[PDB]
Amino acid sequence: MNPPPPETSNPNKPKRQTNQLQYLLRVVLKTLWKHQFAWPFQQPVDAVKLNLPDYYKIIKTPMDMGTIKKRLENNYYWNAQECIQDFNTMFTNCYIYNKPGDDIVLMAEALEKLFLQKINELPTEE
Ligand SMILES: COc1cc(OC)c2c(=O)cc(-c3cc(C)c(OC[C@H](O)CN4CCN(C)CC4)c(C)c3)oc2c1
């Protein structure tokens with residue numbers, strides 16, 4: 001069985017909409033979301049359909065771009081670093097669970113290269 005997905009809504013968590021967070025949605029997430037390798041990362045890993053009974057025994061902090069997209073659209077974050085960590089968690093989970101040469105790993109690295117190139121020009125806070 002799959003665990004419940006990460007939280008995307010929490011009304012007692014403080015939130016805001018900084019220009020950095022707008023950039024993470026409009027530049028960073030949109031760039032990765034449209035990429036040819038985005039599809040495995042657009043929703044939580046469905047370990048049941050994929051028949052990976054051990055995935056959520058090894059991956060204790062799941063994350064994915066569907067969760068990140070909902071969080072940005074919901075203005076769930078307080079700062080840019082919370083959102084950047086989610087991306088890095090999602091990439092790291094992939095490298096942690098899988099074999100170094102795997103397709104899913106190459107897909108992850110292609111998205112992460114773009115991720116790094118975009119956050120390198122993260123604007124200073126307005
Ligand atoms: C869709 O979205 C995502 C997103 C993901 O991360 C974002 C991942 C991910 O992390 C890795 C896997 C995955 C890994 C193996 C190893 C596998 O293969 C298991 C199969 O039973 C056959 N192999 C078993 C091992 N035997 C040695 C050889 C055969 C399958 C089907 C998927 O899928 C993902 C899908």
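Hydrogens, waters and symmetry mates play no part in the numbers below; they use all other heavy atoms, side chains included. One-based numbering along the sequence shown. Whatever order the structure lists ligands and atoms in, that order sets their numbers, starting from 1.
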Hydrophobic cluster membership, with links at side-chain heavy-atom distances under 4.5 Å among I/L/V/M/F/W/Y: are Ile104 and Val45 in one? no

Go through it in stages, so that I can follow the logic: the residues are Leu21 and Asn75, the test is side chain to side chain contact (heavy atoms under 4.5 Å, CB included), and I'd like the CA-CA distance, side-chain angles, deciding distance and then a yes or no. CA-CA 8 Å; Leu21 281 156; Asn75 307 292; over 6 Å; no

Evaluate whether atom NZ of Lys49 has more than 12 neighbouring non-hydrogen atoms of other residues, nucleotides or ligands under 6.0 angstrom away. no

What pair of heavy atoms forms the shortest contact from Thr67 to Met63, and how long is it? CG2-SD, 3.6 Å

Ligand 1: which residues have a non-hydrogen atom closer than 4.0 Å? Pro40, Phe41, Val45, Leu50, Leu52, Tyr55, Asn98, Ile104

Would you find more than 12 non-hydrogen atoms of other residues, nucleotides or ligands less than 6.0 Å from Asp103 atom CG? no

Using a distance-only test with no angle check, is there a side-chain donor-acceptor pair under 3.5 angstrom linking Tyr97 and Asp54? yes

